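Worksheet for the structure shown next.
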Amino acid sequence: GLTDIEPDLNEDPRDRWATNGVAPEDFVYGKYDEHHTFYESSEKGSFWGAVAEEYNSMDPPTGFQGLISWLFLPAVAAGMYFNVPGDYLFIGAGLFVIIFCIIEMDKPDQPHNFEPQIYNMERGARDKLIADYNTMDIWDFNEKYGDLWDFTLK
Amino acid sequence: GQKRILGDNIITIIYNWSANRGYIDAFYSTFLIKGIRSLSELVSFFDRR
Amino acid sequence: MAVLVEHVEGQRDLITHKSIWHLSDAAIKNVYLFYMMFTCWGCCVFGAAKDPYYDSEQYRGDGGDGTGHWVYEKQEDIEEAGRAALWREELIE
Amino acid sequence: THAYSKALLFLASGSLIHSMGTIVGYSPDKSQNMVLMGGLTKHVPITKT
Amino acid sequence: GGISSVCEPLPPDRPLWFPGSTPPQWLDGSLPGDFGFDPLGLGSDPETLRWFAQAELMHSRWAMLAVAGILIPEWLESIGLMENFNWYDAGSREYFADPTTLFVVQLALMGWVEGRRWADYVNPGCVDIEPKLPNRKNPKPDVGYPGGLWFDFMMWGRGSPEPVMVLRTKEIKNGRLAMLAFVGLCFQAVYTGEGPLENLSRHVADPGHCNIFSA
Amino acid sequence: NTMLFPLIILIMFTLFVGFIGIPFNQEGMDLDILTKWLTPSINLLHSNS
Amino acid sequence: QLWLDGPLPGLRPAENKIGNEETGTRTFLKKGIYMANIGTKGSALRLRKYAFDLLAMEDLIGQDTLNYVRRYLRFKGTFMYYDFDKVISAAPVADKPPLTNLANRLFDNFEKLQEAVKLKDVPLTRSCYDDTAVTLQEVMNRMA
Amino acid sequence: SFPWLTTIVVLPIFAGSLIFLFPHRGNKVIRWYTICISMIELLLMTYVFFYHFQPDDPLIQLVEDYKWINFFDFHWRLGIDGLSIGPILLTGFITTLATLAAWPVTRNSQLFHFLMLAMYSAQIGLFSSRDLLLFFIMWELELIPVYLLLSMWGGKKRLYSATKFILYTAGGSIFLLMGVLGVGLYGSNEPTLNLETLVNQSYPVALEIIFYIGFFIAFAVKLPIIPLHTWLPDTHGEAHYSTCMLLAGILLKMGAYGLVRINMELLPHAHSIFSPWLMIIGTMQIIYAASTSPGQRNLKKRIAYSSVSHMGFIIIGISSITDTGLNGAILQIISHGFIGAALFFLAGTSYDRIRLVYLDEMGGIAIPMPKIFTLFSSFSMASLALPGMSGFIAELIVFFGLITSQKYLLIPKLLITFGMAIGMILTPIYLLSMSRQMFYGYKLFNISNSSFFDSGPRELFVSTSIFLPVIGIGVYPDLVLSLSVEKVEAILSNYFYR
Ligand code: CLA
Ligand code: CLA
Ligand code: CLA
Ligand SMILES: CC1=C[C@H](O)CC(C)(C)[C@H]1/C=C/C(C)=C/C=C/C(C)=C/C=C/C=C(C)/C=C/C=C(C)/C=C/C1=C(C)C[C@H](O)CC1(C)C
Ligand SMILES: CC1=C(/C=C/C(C)=C/C=C/C(C)=C/C=C\C=C(C)\C=C\C=C(C)\C=C\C2=C(C)CCCC2(C)C)C(C)(C)CCC1
C-alpha cells in the first residue's frame, strides 16, 4: 500500500516460514472460516435470472457485435462438422476479428483509458475532457488540449 | 500420598509419549525440516554472494 | 480378433481386449484450429468486457497505470511532495 | 471389515462433535475434547449405539 | 427469510387445464398439481377430496415405481446387461416360491403398513415412527407426507431447496405422467406384441406408419 | 436425520459384513463368499490345509 | 566405465539368417529401441504378446492413420525380430528350420505391409495385413 | 509459391511501425489495433500449420531463399519442420495473450505495443530461420525491446535488471557470433551459412568441440544453465508480468531450440562428447534451483528459480541421446511455456491488488480473491508434475528416455534417475509453502476489497485459455509429440553407426 506518514519500523523479528494469518487462539471458529455463516432463505432467486445478471454485469457486446460474438463459435463448430472448406472458416474468423476490433475502436473512451495524470485532474475538467474527446475530431482535440499531455509542464 | 512409584511408571511416560506424538515428528522438525530450511538459505547465499 | 485368452495353472484365466487406436493428424489439426479460433473469440469478447478492478477508482485513483513500479514511485513522490509542501509553506510564511 | 467399522465410528464422532458444538462452540480444541465430553449416553442415544 | 415448511396455495389466477374457463369452487389451489380440472365434480365433498388426494398420491408413487422398474431393466436388456428380461412375462417366471404363497405373504406384510397408513389418515399422529429423542422436537407432518429418519432421510422436504408446494406438484405431475405411461405400456404389451423401447424405436423411425393404426 | 441414516446403514454393515469371510450357515463342505471370490489367492502359511 | 564414447551401436545383425537375402537386414527395423534382456522364455512371452499387439492393429488401418500403422509396425517389428532371433538361437537344432521359415514368412509379410502403407493404398494394406494376421496367429499358436 | 513465412515474420513489426501514425490519446485504439494484428497473425500461422505443414515429413518445409548479401553468401532463408512449428505456435499464442493481459498499461501504450509486436516478429523470425547469420540476427533483435520493456514497465529494481540482462545476453551472443563465424567459414571453397548444407559437414574433433563450446556458452546464457543463470532471477522478478510471459515462456525456450537445431543437429560428435557432462549439470541445476526457491522471500524470484529448475529436465532430455528424451524435452518446452507465463501473470495481477512483495506478509488473500487462488493452486499443481497436466507426462517421458538410453550403463542411469527424483520432492516443498504463505490463514481485509477486487472476465479468460491446453496435453500427449516424432528421429539418425 501507500503511506502518507512514515510507518513504525518492526523492532521484533518474525519467522519467515510461519503462516501469516491470525493466531489459532485468536481464531473465531465457525465465523472466520465460513462454516456456520450460511443460513438458507426462502428468498432465493431464479437460476436463469442469476445467469442473466452475471452475463449482463460483464457488459456484453450488443447488437451486431453481440450477434457475431454469439454466433462465431457455433458457426465454426458446424463448419468443421459439415466438412466445409477451412479457408472459408479462416476468412470468417479474420473478418470477425477485424469487424470486432473496428467496432471497439468506434466505442467511446472512458476516464480509465488515459494516463494517471489525466485521471487525477479536477473532476469537472476531466469530465469536460472526456466529453470533448468523444465529440470532436482527434486533430482538433490535439490542437486544443495537446499541451495537457506534456507532463513536465506542471 | 500420590505414590511416586506409580506416577512416573506409566502416567507421566504414557502421557508424554501420546502428547509428543512419539517424539518422531518433532525429530522430523528438528533434523529434516529446519535443516532443509537452512540448506535452502545456504544455497541462496551461494547464489547471491 | 484383438482378443487374447491366457490360461495359467493355479491362476484364473485372463481375457485381454486390445484396440490400437490413435487420433489422425487431421483431427489434431482440427483441435489446434478450433483452439486458435476459440482464443481469438475469447480475446475479442473479454477485451470488449469491462474490468472490475483496473477501471475502478481504487486502482486509477491511487495513481495506477498498468506499470509494475507505480507503487514505489508514488510513495517516493508523495514523500518528496510533502517535503516540497513544507518548503512552500516556509517560503510563504 | 475395518473400513465399514471405521466409517461408522468416524461419522458417529462427527455427529457427536456437531452435537457438542452447540454447547461448547465451534472450536475443535473444545468440541473434540473428550475431557469435557462425559455423560452423552442420555443425550445422543443413536450415536451412543 | 428462513425456510417455510407450510404449503402455499396457488393464486386464483393460476394456469388451468382449459384456459379461459372458470375453475371449480372446490379447487382453490391448496392441493399439489391444482389446475382446476374436475369436469365431473368428483371433488365437491372436502372429505372425499382429501381421500381422493391421498389416493392420487398413492397411485402416483406406485406408478412411478412401476414405470421405473419396467423401463430401467428394459433399458439394461437392450444395452445387454440383462439376459432375458420381459416385464409382461415376469409374473409367470419360476422363483423360489409359488406365486400364491408369495402373494399371501405380500398381502400380510403390505397390509401391515397399509393400515398403519390408514390409521394415520383416520387419526393423524396416532402412529409415530420418527424417534422421540430427549430434546429433539419432531415437527408435525402432513397426512400422506410423513418422514423423519426413514422416509425423509434427506430432509429435502419441509422447505429445503424447493418450497414444499413446488416439490409436491413436481411429484404429483411426474406421478400422473407415470400412471398414463403404465396404462400405455399395459395396452401396448397386448396390442403391439412387443416391448416398450422396441415400440419407441419403430415409432421414431417412419412415424407416419408403425402406429396405433398398423398394430 | 441425514446424519443418522448413514449411521444406521453402517451399523447394519458392521453387524453383517463379518459373514462374508466366515461361512454363512455352513452345512458340511461350504466355502465363504470371500474365498470363492479370491479363488486363486496367495496363502503361504496354509498352502496345504 | 560410465558411458559410451563413440557413436551408439546400430542394428545388430541376426545370426539366424532371418533377414532379407539380398541385404541381410529387414526394412522395418528401427535403431535406438530399448529391448530388455529377459532370456528365451521372456523373449517367447514378449513375442506372443507383441504378436497379439500387432493383431490389435485392425482399428489403426485407415486412410488417415497409415503413418501410425507404419510406426507401430516398425516398433513391434524390431521387437519381435530380435525376440525371434533370440528364441531361434536357443531352440533345439531340430526345431530351428521351421522357426526360421516362420520368421522369414512373418518378416516378408511385414515388408509387404510396410510397402503397402508407403504407397497409401488401403485395400493393399488390408490384404497384406490379413496375410500378416494369419502369420501372427500361427506365431502365437507355435509359441504358446 | 506464396511467401508464407516471410509474411508471418514481417507482418507484426510492419504493423507496429504504423502504430505511430495514430494521433489518438489513451490506450483503447492502440491496444485494439495491436490485438487485431496479433489475432490476424495467429490465424495466419494457424492456416500455415493446417494447410502447408505436414507432421509426417522429416524434411524442411515452406522454404524461402532470397540472397541478401553476396559477400557472406548470406540469404534470407526461412523454413519450418516438426521442431519449429510447436515453438512458433506457442510464440503466437503466448504473445497474443500477453498483449491481451497488458491492457491496464496507460503509460506509453504506443511504444509498449510496438515493442510487443517487434518481440512477436523477432521470436517468429528466430524460430523459422534456416540461415546461421539470420539466426544470429534474429537472436540479437530482442536485446532492445526487452531492455525498454524492463526499464519502462518493470518493478523496483528494473533498471539494474535491464542492464544486467542486456550485458549478459550480449556476452553470450558474442560467443554465438564467433561460433557462427567459425562454422560459416569452414568451407574450403566459399563460405556457407545454410543449415541444410551444414548438417552434412565433417569437422575434426577439436574444431568441432571448439565450435560446440562457442555455441553452448550462448545457449547456456539464454537457456539458464548453472552457473550462467544469475541474470534470470532479477530480470524476471523485476519485469512486467506481460513481458514475463514472453521471458519465461518463449525466450527461455530459444536456448533449447538453438541447442537442438545447432548443437544437437549440426555438431553430433561434439554433442555426444559433451552430453554426459550435461546430464550431471542438469541434475545439479534441478536440485540447486529447487533448493534456492525456498530461500527466496520474493514470490516472482521463487517462480523464476522454479523456471530454472524446470529447465533441467529439458537439459536432461537433450543430453540423453534418445528419441524419447528429445520428445520429452519438446513437451517440457511447451508445458513450461504454458505454466510459467500463467504463473507470472497471476503473480502480477495479484500484486496489482495486494501491493506486497515478500511472502511473509501476504496471508489471507484467498478470502477477498478466491478465483485467483483457484488458478494459482491449479497452475502450482501443473508445476508440481501432477498427472492430468503436461508437466507430469513431460518429466515421465524424460525419465523413460534416460532409462531407455544406450549411451549410459547402469550406475549413472541410477544416480541421475534418483537425482531428478529428489527434485520432485523439493518442488512441492516451496510451492505449496508459497501458497501457504500467500493464500492460507485469516486476515481482516477492507470492505472495499469485498467487491471489484477479484480477477475480471479478461484475467479469468487468460488463465483458463492457458490452463486448458495443459489438461489437453496431460490427457493426450500426442497432441504435441505427433508433430515432432518424425523430425526428432532424423535428428537421432546421425547419432548411430553409419
Ligand atoms: C404418456 C405418454 C405416452 C407416450 C409417450 C406413449 C408412447 C408411445 N406409444 Mg403409447 N399409450 C399411452 C401413453 C403413451 N404412449 C396411453 C395412455 C395408451 C392407451 C390407454 C397408449 C396406447 C398405445 C397404443 C395402442 C400404441 C402405442 C404406441 C406408442 C407410440 C406412439 C404411436 C401411437 O400410435 O400411439 C398413440 C396411442 C394412443 C392411445 C394415444 C395416447 C396418448 C395419451 C392419452 C396422452 C399422451 C399425451 C401427452 C402429451 C404425453 C407427453 C409426451 C412426451 C412429453 C412424453 C409411442 C412409442 C403405438 C406403438 O408403439 O406402435 C408401434 C401403439 O400401437 N400406445
Ligand atoms: C389414480 C386416480 C387419480 C385420482 C384419484 C386423482 C384425483 C384427483 N385429481 Mg388427478 N390425475 C390423474 C389420476 C388421478 N387423479 C391422471 C392420470 C391425470 C392425468 C390425465 C390427472 C390429472 C389431474 C389434473 C389436471 C387435475 C387433477 C386433480 C385431481 C383432484 C380433483 C379431481 C377429482 O375429484 O378426482 C377424483 C378421481 C377419481 C375418483 C378417479 C375417477 C376416474 C374414473 C372413475 C375412471 C378412470 C378413467 C379412465 C379409466 C382413464 C384411463 C386412462 C385414459 C388415458 C384412457 C383429485 C385429487 C385436480 C387438482 O386440483 O389436483 C389436485 C386437477 O386440476 N388431476
Ligand atoms: C419422482 C419424483 C418424486 C418427487 C419429486 C417426490 C417429491 C417429494 N416426496 Mg415423494 N415419493 C416418490 C417420488 C417422488 N417424490 C416415490 C416413488 C415414493 C414411494 C417410495 C415416494 C414417497 C415419499 C415419502 C414416503 C416421502 C416423500 C417425500 C417427498 C419430498 C422429498 C423430496 C424428494 O423426494 O426428492 C426429489 C428428488 C428425487 C425423488 C429424485 C429421484 C430419486 C432417484 C430416482 C433415486 C434415489 C437415489 C438413490 C438410489 C438413493 C440413495 C441410496 C441409499 C439408500 C443407499 C418431496 C415433497 C417426503 C415428505 O413429503 O416429507 C415432507 C416423505 O418422507 N415421498
Ligand atoms: C409408455 C411408453 C411407451 C413407449 O413404448 C416408450 C416410452 C415413450 C418411453 C414410454 C413412456 C414412458 C414415460 C413417459 C414414463 C414416465 C415415467 C416417470 C414419470 C417416472 C418417475 C419415476 C420416479 C421415481 C422412481 C422416484 C423415486 C423417488 C424416491 C425413491 C425418493 C426417495 C427419497 C425421498 C422420498 C425423500 C428423502 O428425503 C430423499 C430420498 C431418499 C431420495
Ligand atoms: C500445444 C499448443 C496449443 C494446443 C493445445 C491443445 C491441443 C489443447 C487441447 C485441449 C483440449 C483438447 C482439452 C480438452 C478438454 C478439456 C477439459 C474437459 C477441461 C475441463 C476443465 C474444467 C471443467 C475446469 C477447469 C478449471 C479451470 C479453468 C481453472 C481453475 C481450475 C479448474 C480445474 C476448476 C495451442 C493451440 C494452445 C497453441 C500453442 C501450442
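Ligands are numbered from 1 in the order shown, residues from 1 within each chain, and chains are lettered A, B, ... in the order they appear in the C-alpha cells.
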Sel. of strand (DSSP E) residues, region 1-77 of chain H, as a list in words: residues 61, 62, 63, 64, 65, 66, 67, 68, 69, 74, 75, 76 and 77 of chain H
Same residues, C-alpha atoms, saved as a PDB file, in the first residue's frame:
ATOM      1  CA  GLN H  61       9.003 -27.302 -45.361  1.00  0.00           C
ATOM      2  CA  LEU H  62       7.808 -23.973 -46.794  1.00  0.00           C
ATOM      3  CA  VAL H  63      11.379 -22.937 -47.562  1.00  0.00           C
ATOM      4  CA  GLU H  64      12.104 -19.448 -48.908  1.00  0.00           C
ATOM      5  CA  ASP H  65      15.545 -18.347 -50.095  1.00  0.00           C
ATOM      6  CA  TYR H  66      16.395 -14.764 -51.090  1.00  0.00           C
ATOM      7  CA  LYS H  67      20.041 -13.743 -51.438  1.00  0.00           C
ATOM      8  CA  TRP H  68      20.643 -10.593 -49.385  1.00  0.00           C
ATOM      9  CA  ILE H  69      24.437 -10.175 -49.072  1.00  0.00           C
ATOM     10  CA  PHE H  74      24.040 -14.692 -46.767  1.00  0.00           C
ATOM     11  CA  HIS H  75      20.404 -15.426 -47.578  1.00  0.00           C
ATOM     12  CA  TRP H  76      17.074 -14.565 -46.035  1.00  0.00           C
ATOM     13  CA  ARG H  77      16.168 -18.245 -45.719  1.00  0.00           C
TER      14      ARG H  77
END
All alpha helix (DSSP H) positions in region 30-118 of chain G, as JSON, numbers by chain: {"G": [40, 41, 42, 43, 44, 45, 46, 47, 48, 49, 50, 51, 52, 53, 54, 55, 66, 67, 68, 69, 70, 71, 72, 73, 74, 75, 76, 77, 78, 79, 80, 81, 82, 83, 84, 85, 86, 87, 88, 89, 96, 97, 98, 99, 100, 101, 102, 103, 104, 105, 106, 107, 108, 109, 110, 111, 112, 113, 114, 115, 116, 117, 118]}
Separation of CA of residue 100 (chain H) from atom 24 (C, counted along the ligand's line) of ligand 5 in Å: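 Here the two named atoms are 21.2 Å from each other.
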Do you have, as CSV, the list of residues of chain D lying at most 8 Å from chain E, each with its nearest atom pair and that distance in Å to one decimal, counting only C-alpha atoms and ordered by chain then number?
residue,atom,partner,partner_atom,distance
D:42,CA,E:134,CA,7.7
D:43,CA,E:134,CA,6.5
D:44,CA,E:133,CA,7.9
D:45,CA,E:133,CA,7.9
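Residue-level contacts from chain A to chain B at 12 Å, counting only C-alpha atoms, read residues 15, 16 and 17 of chain A.
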Contact residues (chain A, partner chain E, 12 Å, only C-alpha atoms) as a ChimeraX atom specification: /A:38-46
Would you write out those residues with N, CA and C atoms, as a PDB file, in the first residue's frame?
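The result, written out as out.pdb:
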ATOM      1  N   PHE A  38     -23.818 -19.584   6.743  1.00  0.00           N
ATOM      2  CA  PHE A  38     -24.776 -19.667   5.643  1.00  0.00           C
ATOM      3  C   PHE A  38     -26.083 -20.242   6.175  1.00  0.00           C
ATOM      4  N   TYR A  39     -27.032 -19.345   6.402  1.00  0.00           N
ATOM      5  CA  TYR A  39     -28.367 -19.784   6.832  1.00  0.00           C
ATOM      6  C   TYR A  39     -29.212 -19.598   5.606  1.00  0.00           C
ATOM      7  N   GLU A  40     -30.022 -20.589   5.249  1.00  0.00           N
ATOM      8  CA  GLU A  40     -30.776 -20.526   3.978  1.00  0.00           C
ATOM      9  C   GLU A  40     -31.835 -19.437   4.052  1.00  0.00           C
ATOM     10  N   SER A  41     -32.514 -19.210   2.936  1.00  0.00           N
ATOM     11  CA  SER A  41     -33.576 -18.186   2.917  1.00  0.00           C
ATOM     12  C   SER A  41     -34.583 -18.551   1.833  1.00  0.00           C
ATOM     13  N   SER A  42     -35.875 -18.433   2.135  1.00  0.00           N
ATOM     14  CA  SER A  42     -36.923 -18.706   1.125  1.00  0.00           C
ATOM     15  C   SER A  42     -36.666 -17.788  -0.071  1.00  0.00           C
ATOM     16  N   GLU A  43     -36.089 -16.609   0.177  1.00  0.00           N
ATOM     17  CA  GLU A  43     -35.862 -15.615  -0.901  1.00  0.00           C
ATOM     18  C   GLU A  43     -34.632 -15.963  -1.744  1.00  0.00           C
ATOM     19  N   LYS A  44     -34.665 -17.114  -2.422  1.00  0.00           N
ATOM     20  CA  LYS A  44     -33.565 -17.472  -3.353  1.00  0.00           C
ATOM     21  C   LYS A  44     -34.030 -17.133  -4.779  1.00  0.00           C
ATOM     22  N   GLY A  45     -33.228 -16.365  -5.515  1.00  0.00           N
ATOM     23  CA  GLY A  45     -33.600 -16.004  -6.866  1.00  0.00           C
ATOM     24  C   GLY A  45     -33.533 -17.141  -7.867  1.00  0.00           C
ATOM     25  N   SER A  46     -34.003 -16.843  -9.075  1.00  0.00           N
ATOM     26  CA  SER A  46     -34.015 -17.832 -10.143  1.00  0.00           C
ATOM     27  C   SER A  46     -32.598 -18.142 -10.610  1.00  0.00           C
TER      28      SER A  46
END
Nearby residues, ligand 3, 6 Å, only C-alpha atoms and all ligand atoms, as a PyMOL selection string: chain E and resi 61+64-65+145-147+151-152+156-158+164+167-168+170-171+174
Contacts of region 143-148 of chain A at 12 Å (only C-alpha atoms; same-chain gap of 5+ positions) as an MDAnalysis selection string: (chainID A and resid 114:115 117:119 121 125:126 128:130 132:133 136:138 153:154) or (chainID H and resid 23:25)
Residue 19 (chain D) surroundings by only C-alpha atoms, 12 Å radius, close-in-sequence under 3 positions cut, as a ChimeraX atom specification: /D:12-16,22-26,31-32,37,40,43-45,47 /E:135-136 /F:3
Residues just named, written with C-alpha atoms as a PDB file, in the first residue's frame:
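Output saved as result_29.pdb:
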ATOM      1  CA  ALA D  12     -20.576 -41.103  14.901  1.00  0.00           C
ATOM      2  CA  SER D  13     -17.732 -38.993  16.302  1.00  0.00           C
ATOM      3  CA  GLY D  14     -18.506 -36.231  13.807  1.00  0.00           C
ATOM      4  CA  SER D  15     -22.209 -36.194  14.684  1.00  0.00           C
ATOM      5  CA  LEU D  16     -21.283 -36.098  18.371  1.00  0.00           C
ATOM      6  CA  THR D  22     -23.870 -26.080  20.298  1.00  0.00           C
ATOM      7  CA  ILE D  23     -22.790 -26.012  23.972  1.00  0.00           C
ATOM      8  CA  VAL D  24     -19.000 -25.562  23.767  1.00  0.00           C
ATOM      9  CA  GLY D  25     -18.677 -23.636  20.495  1.00  0.00           C
ATOM     10  CA  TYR D  26     -17.205 -24.478  17.119  1.00  0.00           C
ATOM     11  CA  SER D  31     -15.648 -29.550  20.523  1.00  0.00           C
ATOM     12  CA  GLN D  32     -13.288 -32.549  20.157  1.00  0.00           C
ATOM     13  CA  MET D  37     -17.478 -34.711  26.951  1.00  0.00           C
ATOM     14  CA  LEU D  40     -23.613 -38.215  26.390  1.00  0.00           C
ATOM     15  CA  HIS D  43     -28.391 -37.041  25.128  1.00  0.00           C
ATOM     16  CA  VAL D  44     -27.342 -38.829  21.916  1.00  0.00           C
ATOM     17  CA  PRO D  45     -28.640 -42.425  22.106  1.00  0.00           C
ATOM     18  CA  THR D  47     -24.814 -42.032  18.273  1.00  0.00           C
TER      19      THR D  47
ATOM     20  CA  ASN E 135     -34.521 -32.752  23.409  1.00  0.00           C
ATOM     21  CA  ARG E 136     -35.094 -33.032  19.656  1.00  0.00           C
TER      22      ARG E 136
ATOM     23  CA  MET F   3     -26.542 -37.636   9.713  1.00  0.00           C
TER      24      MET F   3
END
Selection within 7 Å of ligand 2 by only C-alpha atoms and all ligand atoms, output as a count of residues only: 25
Expected answer as a PyMOL selection string: residues within 9 Å of ligand 5, only C-alpha atoms and all ligand atoms: (chain C and resi 28-36+39) or (chain H and resi 46+85-94+331+334-335+337-338+371-379+460-461+463-473+475-477+479-480)
With the cut-off set at 10 Å and counting only C-alpha atoms, tabulate each residue of chain C with an atom at most that distance from an atom of chain G, showing the nearest atom pair and its distance in Å to one decimal, ordered by chain and increasing number, as JSON lines.
{"residue": "C:1", "atom": "CA", "partner": "G:55", "partner_atom": "CA", "distance": 7.1}
{"residue": "C:2", "atom": "CA", "partner": "G:56", "partner_atom": "CA", "distance": 4.6}
{"residue": "C:3", "atom": "CA", "partner": "G:56", "partner_atom": "CA", "distance": 7.9}
{"residue": "C:4", "atom": "CA", "partner": "G:52", "partner_atom": "CA", "distance": 7.2}
{"residue": "C:6", "atom": "CA", "partner": "G:144", "partner_atom": "CA", "distance": 9.1}
{"residue": "C:16", "atom": "CA", "partner": "G:52", "partner_atom": "CA", "distance": 9.7}
{"residue": "C:17", "atom": "CA", "partner": "G:56", "partner_atom": "CA", "distance": 8.6}
{"residue": "C:18", "atom": "CA", "partner": "G:56", "partner_atom": "CA", "distance": 5.7}
{"residue": "C:19", "atom": "CA", "partner": "G:56", "partner_atom": "CA", "distance": 5.4}
{"residue": "C:20", "atom": "CA", "partner": "G:57", "partner_atom": "CA", "distance": 5.3}
{"residue": "C:21", "atom": "CA", "partner": "G:60", "partner_atom": "CA", "distance": 5.5}
{"residue": "C:22", "atom": "CA", "partner": "G:60", "partner_atom": "CA", "distance": 6.8}
{"residue": "C:23", "atom": "CA", "partner": "G:65", "partner_atom": "CA", "distance": 7.7}
{"residue": "C:24", "atom": "CA", "partner": "G:65", "partner_atom": "CA", "distance": 5.4}
{"residue": "C:25", "atom": "CA", "partner": "G:64", "partner_atom": "CA", "distance": 7.4}
{"residue": "C:26", "atom": "CA", "partner": "G:64", "partner_atom": "CA", "distance": 7.5}
{"residue": "C:27", "atom": "CA", "partner": "G:64", "partner_atom": "CA", "distance": 9.4}
Contacts to ligand 1 at 7 Å cut-off (only C-alpha atoms and all ligand atoms) as a ChimeraX atom specification: /E:177,180-181,183-185,187-188,191-192,196,199-200,202-203,210-213,215
Write the residues you've just listed into a file as an mmCIF file, in the first residue's frame, and include N, CA, C and O atoms for each of them.
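File produced: out.cif:
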data_model
loop_
_atom_site.group_PDB
_atom_site.id
_atom_site.type_symbol
_atom_site.label_atom_id
_atom_site.label_comp_id
_atom_site.auth_asym_id
_atom_site.auth_seq_id
_atom_site.Cartn_x
_atom_site.Cartn_y
_atom_site.Cartn_z
ATOM 1 N N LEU E 177 -47.928 -38.489 -15.037
ATOM 2 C CA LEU E 177 -47.241 -38.926 -16.245
ATOM 3 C C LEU E 177 -46.918 -40.414 -16.182
ATOM 4 O O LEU E 177 -47.070 -41.133 -17.175
ATOM 5 N N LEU E 180 -50.205 -42.555 -16.675
ATOM 6 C CA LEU E 180 -50.518 -42.622 -18.098
ATOM 7 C C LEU E 180 -49.533 -43.526 -18.827
ATOM 8 O O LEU E 180 -49.925 -44.321 -19.690
ATOM 9 N N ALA E 181 -48.250 -43.440 -18.459
ATOM 10 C CA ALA E 181 -47.232 -44.284 -19.068
ATOM 11 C C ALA E 181 -47.488 -45.760 -18.801
ATOM 12 O O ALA E 181 -47.380 -46.582 -19.712
ATOM 13 N N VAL E 183 -50.341 -47.306 -17.999
ATOM 14 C CA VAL E 183 -51.517 -47.779 -18.727
ATOM 15 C C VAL E 183 -51.189 -47.950 -20.207
ATOM 16 O O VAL E 183 -51.612 -48.926 -20.849
ATOM 17 N N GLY E 184 -50.395 -47.028 -20.760
ATOM 18 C CA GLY E 184 -49.944 -47.182 -22.132
ATOM 19 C C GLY E 184 -49.112 -48.430 -22.347
ATOM 20 O O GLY E 184 -49.270 -49.120 -23.352
ATOM 21 N N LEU E 185 -48.216 -48.736 -21.406
ATOM 22 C CA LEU E 185 -47.403 -49.946 -21.514
ATOM 23 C C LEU E 185 -48.265 -51.198 -21.429
ATOM 24 O O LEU E 185 -48.042 -52.167 -22.167
ATOM 25 N N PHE E 187 -51.385 -51.509 -22.326
ATOM 26 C CA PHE E 187 -52.126 -51.697 -23.572
ATOM 27 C C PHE E 187 -51.197 -52.053 -24.730
ATOM 28 O O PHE E 187 -51.576 -52.826 -25.618
ATOM 29 N N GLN E 188 -49.979 -51.506 -24.739
ATOM 30 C CA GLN E 188 -49.039 -51.792 -25.818
ATOM 31 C C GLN E 188 -48.550 -53.230 -25.779
ATOM 32 O O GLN E 188 -48.330 -53.833 -26.836
ATOM 33 N N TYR E 191 -51.300 -55.108 -27.415
ATOM 34 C CA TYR E 191 -51.659 -54.675 -28.761
ATOM 35 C C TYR E 191 -50.527 -54.923 -29.750
ATOM 36 O O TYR E 191 -50.704 -55.647 -30.737
ATOM 37 N N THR E 192 -49.357 -54.331 -29.508
ATOM 38 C CA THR E 192 -48.240 -54.463 -30.434
ATOM 39 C C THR E 192 -47.541 -55.810 -30.342
ATOM 40 O O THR E 192 -46.880 -56.213 -31.307
ATOM 41 N N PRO E 196 -41.600 -52.054 -24.814
ATOM 42 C CA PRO E 196 -41.778 -50.595 -24.876
ATOM 43 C C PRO E 196 -40.730 -49.885 -25.719
ATOM 44 O O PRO E 196 -41.066 -49.083 -26.597
ATOM 45 N N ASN E 199 -41.050 -50.617 -29.371
ATOM 46 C CA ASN E 199 -42.129 -49.832 -29.963
ATOM 47 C C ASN E 199 -41.702 -48.387 -30.185
ATOM 48 O O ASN E 199 -42.034 -47.782 -31.211
ATOM 49 N N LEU E 200 -40.951 -47.822 -29.235
ATOM 50 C CA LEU E 200 -40.422 -46.474 -29.411
ATOM 51 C C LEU E 200 -39.466 -46.407 -30.597
ATOM 52 O O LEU E 200 -39.471 -45.428 -31.353
ATOM 53 N N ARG E 202 -39.457 -48.376 -33.346
ATOM 54 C CA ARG E 202 -40.191 -48.425 -34.610
ATOM 55 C C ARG E 202 -41.133 -47.240 -34.795
ATOM 56 O O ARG E 202 -41.608 -47.023 -35.913
ATOM 57 N N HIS E 203 -41.426 -46.474 -33.740
ATOM 58 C CA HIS E 203 -42.216 -45.265 -33.953
ATOM 59 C C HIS E 203 -41.342 -44.077 -34.341
ATOM 60 O O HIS E 203 -41.770 -43.229 -35.129
ATOM 61 N N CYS E 210 -46.240 -47.373 -38.567
ATOM 62 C CA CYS E 210 -45.920 -48.041 -37.301
ATOM 63 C C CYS E 210 -46.576 -47.317 -36.123
ATOM 64 O O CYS E 210 -45.918 -46.818 -35.209
ATOM 65 N N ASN E 211 -47.907 -47.267 -36.170
ATOM 66 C CA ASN E 211 -48.697 -46.528 -35.196
ATOM 67 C C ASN E 211 -49.805 -47.400 -34.623
ATOM 68 O O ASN E 211 -49.786 -48.625 -34.784
ATOM 69 N N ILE E 212 -50.761 -46.772 -33.933
ATOM 70 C CA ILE E 212 -51.937 -47.477 -33.427
ATOM 71 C C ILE E 212 -52.739 -48.098 -34.567
ATOM 72 O O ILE E 212 -53.414 -49.119 -34.379
ATOM 73 N N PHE E 213 -52.659 -47.523 -35.765
ATOM 74 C CA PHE E 213 -53.462 -47.956 -36.900
ATOM 75 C C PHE E 213 -52.785 -49.030 -37.740
ATOM 76 O O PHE E 213 -53.324 -49.409 -38.784
ATOM 77 N N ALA E 215 -51.150 -51.811 -35.911
ATOM 78 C CA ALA E 215 -50.854 -52.810 -34.879
ATOM 79 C C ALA E 215 -49.381 -52.806 -34.471
ATOM 80 O O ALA E 215 -48.802 -53.852 -34.181
#
Proximal residues of chain C relative to chain F (only C-alpha atoms; 8 Å) as a VMD selection string: chain C and resid 10 to 12
Selected residue of minimal separation from chain C among H:190, H:208, H:56, H:234, counting only C-alpha atoms: H:56
Shell around residue 308 (chain H) at 7 Å using only C-alpha atoms, local window under 4 positions removed, as a list in words: residues 224, 289 and 304 of chain H
Go ahead and save the residues from that selection, with C-alpha atoms, as a PDB file, in the first residue's frame.
ATOM      1  CA  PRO H 224      19.606 -20.997 -17.829  1.00  0.00           C
ATOM      2  CA  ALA H 289      17.206 -24.237  -8.156  1.00  0.00           C
ATOM      3  CA  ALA H 304      11.948 -17.603 -11.666  1.00  0.00           C
TER       4      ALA H 304
END
Using only C-alpha atoms and all ligand atoms, find each residue of chain F with at least one atom at most 12 Å away from an atom of ligand 4; report its shortest atom-to-atom pair and that distance in Å (one decimal), sort the rows by chain and rising residue number, and return the result as a Markdown table.
| residue | atom | partner | partner_atom_place_in_ligand_line | distance |
| --- | --- | --- | --- | --- |
| F:1 | CA | ligand 4 | 38 (O) | 9.4 |
| F:2 | CA | ligand 4 | 38 (O) | 8.3 |
| F:5 | CA | ligand 4 | 41 (C) | 10.0 |
| F:6 | CA | ligand 4 | 41 (C) | 11.6 |
